[PDB]
Amino acid sequence: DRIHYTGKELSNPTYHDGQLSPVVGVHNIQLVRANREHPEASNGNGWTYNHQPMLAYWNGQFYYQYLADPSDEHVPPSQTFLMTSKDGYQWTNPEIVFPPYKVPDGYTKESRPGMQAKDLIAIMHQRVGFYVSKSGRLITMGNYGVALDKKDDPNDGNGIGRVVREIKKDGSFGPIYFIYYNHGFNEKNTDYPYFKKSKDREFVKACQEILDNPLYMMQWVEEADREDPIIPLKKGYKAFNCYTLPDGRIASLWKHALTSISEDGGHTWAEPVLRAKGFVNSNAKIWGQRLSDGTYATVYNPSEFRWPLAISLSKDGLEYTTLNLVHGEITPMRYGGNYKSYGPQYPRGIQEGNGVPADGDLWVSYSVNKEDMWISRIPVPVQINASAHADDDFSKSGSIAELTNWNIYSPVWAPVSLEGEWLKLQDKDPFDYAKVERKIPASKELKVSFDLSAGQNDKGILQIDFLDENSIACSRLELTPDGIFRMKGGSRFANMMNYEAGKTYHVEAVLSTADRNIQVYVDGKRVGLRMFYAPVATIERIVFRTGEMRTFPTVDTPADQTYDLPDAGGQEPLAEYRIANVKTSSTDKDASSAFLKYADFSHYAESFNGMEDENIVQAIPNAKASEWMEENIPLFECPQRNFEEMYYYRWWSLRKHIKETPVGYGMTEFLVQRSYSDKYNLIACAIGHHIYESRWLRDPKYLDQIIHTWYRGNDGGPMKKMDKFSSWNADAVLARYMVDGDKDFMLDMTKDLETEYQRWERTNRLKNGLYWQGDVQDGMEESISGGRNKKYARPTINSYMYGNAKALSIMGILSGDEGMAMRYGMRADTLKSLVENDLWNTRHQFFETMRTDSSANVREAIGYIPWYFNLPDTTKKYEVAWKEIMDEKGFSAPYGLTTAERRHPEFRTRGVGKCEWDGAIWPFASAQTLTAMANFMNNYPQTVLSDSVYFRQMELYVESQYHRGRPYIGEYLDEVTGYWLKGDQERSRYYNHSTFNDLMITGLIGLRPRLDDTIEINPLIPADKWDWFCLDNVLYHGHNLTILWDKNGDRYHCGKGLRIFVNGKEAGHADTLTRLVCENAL
Ligand SMILES: OC[C@@H]1O[C@@H](O)[C@H](O)[C@H]1O
Ligand SMILES: [Ca+2]
Ligand code: NA
C-alpha cells in the first residue's frame, strides 16, 4: 500500500547527531574539502559551493558526480565534476565532466521584464546523473538552466536542456550531446550536437533507453518543460527515487517523504500522493533502496533542520521500524554564500540497475553545508548493536576498509589510516577533527583497555568519551596541548599525569554505572578516580576524537550565512594520536549473552512469585530466584507466549529443589516431607531427569554438589535408597560431560559409577542375562505390563543399563583404561541384543515388558526408552513402533502422551488419585518419550514422524502444565481432561520428576550435545512455525553459544536464516532450518 514509519525513536535537533546511536561500522569519508585560498585539482580548483551528488558502480569502480559554482548557489559560473574509486575511500581528483555552458546573449524570461542575458553562464542542476545501458555502457547526464540573478529559478522549465556523454572503460570521456531540449531550443541554437548525430550506433541506442525508460523521466520533471508528455506524472514532486518491492511493484520517494506505488514499471502512480506517515523529513531529500540481503533502508535527515543524517530499516520496503545515525557531525561552514545551509544533506545512492558495489554494503553520497562532498559506507546486513565485546588487533587489517567494527569519521585534513598495529588519527584541520567510535554491548560494569601513543605533547587535543545510546558521555579523558593526561570530574578536571610524545602507554579504564565512577590505570598504576560527570544506565560506545565538540550550529542559528570564517583556507599544525589492542569486557551477569538480555525476561520470575504463595523455601527463596536465574540460565525467546513462559517457569520451579544439606547441595523431588525418602528428603527415582535438566545451569557448584551428595553424602559413600530405584545415572553423568566439557569432574565419578553398575548387576539380573525390576522400583506402580514384587524383564532397567554400560565404556577410553572400555563395551553389546531379540514383541512390533512366561502384550511408554540411549538398529522394522505417537488408539491423547496404549482393555482400570501408571500422562514418561523421539529423529534414517509431530507433543506438554490458569508442574494428569489428578493438594506443587528445558534446548531448538569439538544443531521447529526464535547464554564446553532464527532479518539484525554464534562471533549459517554443523570452533 504505502511507505511508513512505526518506530518510536525520534531525532532531537538540539544535538548534532540527534541522540541517535549509529549502526555498526559506518565509515564517513570526505571526498572534497573546499579551499578557495589554495586551489588545487583535488578540491575542484577552489570552488566553495559543491552540492547535490549522484552515485553509480561500474567495472568495479565508484563513479561520483557532483555540481559546483565558485561560491554562491544559482550564481554563475556552474559546472559538474566526476570522481572515481575502486574501494570508496581513495578517490581520483574531481574532473570537469560537463563544463560551463553559455546562455545565448538575449535570452529572456516572462518573470524578468527588461532584463536580458549578456555573457551569461548557465547554472547546472540534475536530480539524476548516471545510467548503465543494456549493452554495459555508462552514460552520465547533466542539465543546464538559466539564472539572470541570484533569486532566479533555473529549474523553472524555461531552461536550455539536458546533456549526456559516455564514460569509457579506459577512464576517458566520449563527446557531449543533447538528449532533451527545453522549449525554444534546438540543434540550430545550441553548442553541442543532438545525441542522434553520433556514429556510435550503440551510444544512440543507450541514450534512447533513457528516454524510453519512464523511471528516468520521473527524475527530469523539475528541469524539463512544464507538462511535457514524456514525464509520466506531471506534478512537480522533487528528487524522485524508487525501488522494487518483494512483490515486483515499485515504490517511490520524493522530498518531504512523499510516496506512491506503480504496478506497471513507472508509467502510472497511485493517487493521492502523501507524506509517509510517521517519517520526519523536510527539503533535503530522502533516499531508499533494496540492499544485498534482500531487506530495505531509507537515508534522510529526520529533522526540519538538515542534521543528523540517519538510517531507518525495513524488511518489506513499506514498514520502516528503526532510526539510527549515519552522520552526526557538522563541519562548520567555512565559506558563506547564497542558499547554503548547515549539515549533511542531499543523500542519494545508486539507482537500481546502475551497480552493486562488490562488498554488498550500502554506500550513500551526500554533501555537507553544500560545501564539502562526502560518502558513507554502511555494512549490510545492517546491525544496530554489538553482539560481542572488543578484542581488536589492527595488524590483522590491511586498510581501514576491513574495520567493520569501528565507526570512522575521516575528513581530508584529519584522516584515519592504519599503521600496522596502530589505528591512527591525524588532524591538520582547524575546522574539523578525526573521530573513531567503537560500539560494544551495552554494559553496566565495563573495562576498556588499549595502548595509546601521541606524536606530540605541545599541540592539538584528543578526547576519549564513554557514551550511552543517547550520546550522553558519562566521563571523558583528555590529552591536552599543554602536556597533560586528565579526567573530567565535573566543571573541574583531575590531572592524572604528564605525557610524552612517541611513547606507548597502556590505558585501562574501569567504569561502573551502579557505583557511578571511573578508575583509570596507566601501566598498572592507578592515576585517576572521579565520579561520572553525567549518570548513565549503560555504556555502549568508546569515542576517540581529535578535538573538543562543537556547539555551533543550533536550532536557533540563522539559516543563511553571509560571512566566510577567519583563515578559511588555513591549517592547524599537524597532531597525531595512535591506539592498539582495544579490548573491552563486562562483569555483568548476562555479559555472556550475545543478543538477549535478562532484563527483558525478569518479568517472568516476578509474575511467578506474585501469582501464588511460596509454600516451602529451600536454598534459593523466591525473593532471590529472579537473581539466581540471571546468573544460571540460558535465555530463550520465541513469538509464542506459552512456550516462552514455560521455559522460564521450569527453571523457576527447578530452582526450588536446590536444597542445603550438611554434606553439600542436594536435589529434591517432592518439596514436602516424604515418608520413604533418604536423608535430606532425597529420592533416587528421577536423578537421571535432574542431571539432564540441571546440566544447563551455568554455575556448576549446584550440580557438582547434587551429584557428590548422592554418591558420597553418607559417611563418604552412596545414599542407601539408591537401592530403591533403577538408575541410568552413569549415562546422565556422561550427558553432563557432553555439555560442560569437564573431564576431571566426570573421570573422578567413574569408581562411584562402577560401584553402582555392578551393584545393579549383582542384585537385579535374571539367569538369561536380562535385568528385572518391579514396576514400583522403576517408579511406575500399577502399570499394565507390571510387576509389584515381580521379576519381569522390563525395557526400562534393561535400557537404562545399556546406557550406563555404554557410558562407562566411553569413560574408559577417556580414562586411558582400555580394559574398562572393553569390559563395559561388551556389557553394552550384550544388553542391546537381549532387548532387540527378547523384548521386541513381533506381533505388536513394539518393545515390551517380558513376563516370566511370555510378553506382557501391551504397548506402553516404556517401550520407547530403548531410543533414549540409541539402542535399536536403523532397520525399518522398528520405525513402525513410533506410529503409535500419532494414533489415538495408541499414545496420542488430547493433553499429550499416555503411559500405556489407549486401545488396551486394562487402560486406566486401577482407580485414580493414588499415582497409577496404566494410561495417565506422567511428565516423567513424557520426557523420556520426547528425549527418545528426539534421538530417533536426529540419529536414525526415518520417515514416520515429521517436525510437526514433535512440535505438537511439546506444545501439548506446554498446554498441560497449567492449573487454575497459572503455570503448574504436578505429578500426573488425565489424558482427556487435562486435570492434574492430585488436584489442589500441596504435594504435587512444583514437582521435580521430569525434564522440559532439556527438551527445549536438545530437541526443539535442537542443540545436540557431543563428545568432540563439533557443534551440531538441528531444530525440530517446522518450517514457518515461527518467524524468529533464539537460545542465548548457553554454556556449552566453556564457550558461550547463541542459536537463532530470523526469517526476515528484522528481529536481531544480523542476517536472515539460522545462525550459531560462539562468544558473539558467528560460526555458521543456514538459509533454512535444517542440520547445521560447525567443525572445530571450540
Ligand atoms: O510414582 C511416583 C513415585 O513416587 C516418587 O517418590 C518416586 O519418584 C516414584 O516411585
Ligand atoms: Ca581540529
Ligand atoms: Na536514542
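Residues numbered from 1 in each chain as written, not as in the entry; some residues may be left out. Chains lettered and ligands numbered in written order. Heavy atoms only, no water.

For this deposition, the record names X-ray crystallography as the technique by which the model was determined and cites 3.00 Å as its resolution.

Concerning the pattern of salt bridges
Summed over all chains, the structure comprises 69 salt bridges. The closest approach of N and O atoms between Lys-435 and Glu-437, which form a salt bridge, is 3.2 Å. Taken as a pair, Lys-435 and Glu-437 share a single burial class, namely buried. In this structure, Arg-903 engages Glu-884 in a salt bridge whose closest nitrogen and oxygen atoms are separated by 2.7 Å. You can see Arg-903 sitting in the loop between β45 (896-897) and α13 (923-939) and its partner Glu-884 sitting in the loop between α12 (876-879) and β44 (892-893), a full 19 residues away along the chain. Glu-884 gets classed as buried once you look at its relative accessible area, which sits at 12%. (Salt bridge = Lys/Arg side-chain N within 4 Å of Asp/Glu carboxyl O. Buried < 20%, exposed > 50% of the residue type's maximum accessible area, 1.4 Å probe, protein only. Helix = DSSP H or I, 4+ residues; strand = E, 2+ residues; numbered from the N terminus.)

Focus on unusual backbone geometry
Note the cis peptide between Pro-76 and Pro-77, where omega equals -5°. Inspection of the secondary structure puts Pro-77 in the loop between β4 (61-69) and β5 (79-85). The omega torsion across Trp-307 and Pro-308 is -5°, close enough to zero to call that bond cis. The phi angle at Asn-45 is positive, at roughly 60°, despite the residue not being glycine. Here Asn-45 shows up in the loop between β2 (27-32) and β3 (49-58). The phi dihedral of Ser-471 is positive, around 60°, even though this residue is not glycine. Summarising the element assignment, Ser-471 is placed in the loop between β30 (462-467) and β31 (473-479). A residue is classified by how much of its surface remains accessible, and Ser-471, at 14% relative accessible area, is buried.

Remarks on the coordination of the calcium ion (ligand 2)
Taken together, the protein ligands of the calcium ion (ligand 2) are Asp-427 (OD), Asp-427 (OD), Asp-429 (O), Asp-432 (O) and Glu-572 (OE), with distances of 2.4 to 3.1 Å. Each donor residue of the calcium ion (ligand 2) belongs to the same chain, and together they define the spacing D-x1-D-x2-D-x139-E. Of the two residues, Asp-432 sits in the loop between β27 (422-427) and β28 (435-443) while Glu-572 sits in the loop between β37 (539-545) and β38 (575-585), which places them 140 residues apart along the sequence. Note on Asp-432: relative accessible area 4%, which makes it buried. Judged by its relative accessible area of 31%, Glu-572 is partly exposed. (Donors = N, O, S within 2.8 Å, 3.2 Å for Na, K, Ca; no water.)

Thoughts on the side chain of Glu-637
Along the chain, the position of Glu-637 falls in strand β39 (residues 635-637). Within polar-contact distance, the side chain of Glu-637 engages the side chain of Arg-1051 at 2.9 Å. (Polar contact = N/O pair within 3.5 Å; in protein donor to acceptor, adjacent residues only side chain to side chain.)

Observations concerning helix α8 (residues 729-740)
Its 12 residues place the ends of α8 16 Å apart at the C-alpha level, agreeing with the 16 Å of an ideal helix rising 1.5 Å per residue. With 11 of 12 residues buried, α8 lies mostly within the body of the structure. A positive backbone phi angle near 80° is found at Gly-741, which sits one or two residues after α8. (Expected span 1.5 Å × (residues − 1).)

Observations regarding the packing of helix α9 (residues 743-763) against helix α11 (residues 818-839)
Remark: α9 packs on α11, axes separated minimally by 14 Å, with the N-to-C direction vectors making an angle of 40°. Crossing of α9 over α11 shows left-handed handedness. Here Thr-750, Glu-754, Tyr-757, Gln-758 and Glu-761 of α9 come into contact with α11, specifically with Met-820, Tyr-824, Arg-827 and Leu-831. Tallied by class, residues from the contact of α9 with α11 come to four nonpolar, two polar and three charged. (Axes fitted to C-alpha atoms, helices over the stretch in contact; angles between N-to-C directions. Left-handed = near helix turned anticlockwise from the far one by under 90°. Contact = heavy atoms within 4.5 Å. Nonpolar A, V, L, I, M, F, W, Y, C, P; charged D, E, K, R; others polar.)

With respect to helix α1 (residues 201-212)
Given 3.6 residues per helical turn, the α-helix brings residues three or four places apart onto the same face. End to end, α1 covers 16 Å across 12 residues, agreeing with the expected 16 Å (1.5 Å per residue, within 8%). Those residues of α1 that sit buried are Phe-203, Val-204, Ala-206, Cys-207, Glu-209 and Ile-210.

Re the pairing of strand β13 (residues 250-254)
Where burial is concerned, most of β13 is hidden: five out of the five residues are buried. A two-sided burial pattern is seen for β13, the buried positions comprising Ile-250, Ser-252 and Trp-254 on one face and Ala-251 and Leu-253 on the other. Sheet topology note: the strand β12 (residues 241-244)/β13 ladder contains four bridges and is antiparallel. By the bridge assignment, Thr-244 is partnered in β13 with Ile-250. Linking β12 to β13, which pair antiparallel, is a turn of five residues; within it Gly-248 sits at a positive phi near 100°. When β13 meets strand β14 (residues 258-262), the two strands line up antiparallel, connected through five bridges. Directly across from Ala-251, in β14, lies its bridge partner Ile-261. Linkage of β13 to β14, two consecutive antiparallel strands, is achieved through a turn of three residues, within which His-256 is found at a positive phi near 65°. (Pairing = 2+ DSSP bridges.)

Some thoughts on the coordination of the sodium ion (ligand 3)
By definition of the ideal shapes, four donors in a tetrahedron about a metal sit 109.5 degrees apart, and six donors in an octahedron sit 90 or 180 degrees apart. Within the protein, the atoms that donate to the sodium ion (ligand 3) are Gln-19 (O), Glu-469 (O) and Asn-470 (OD1), at distances of 2.3 to 3.0 Å. Expressed as a motif, the donor residue spacing for the sodium ion (ligand 3) is Q-x449-E-N. Of the two residues, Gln-19 is situated in the loop between β1 (4-5) and β2 and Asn-470 in the loop between β30 and β31; the sequence distance between them amounts to 451 residues. Under the relative-accessibility criterion, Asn-470 is labelled partly exposed at 33%.

Some details on the sheet that holds β5
Taken in spatial order, the four strands make up an open sheet running β3-β4-β5-β6, and their pairing is antiparallel. Unpaired on one side and paired on the other, β3 and β6 (95-98) mark the two borders of the sheet. With strand direction ignored, the average angle separating the axes of adjacent strands in the sheet is 35°. Pairing between β3 and β4: eight bridges, direction antiparallel. By the bridge assignment, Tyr-49 is partnered in β4 with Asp-69.

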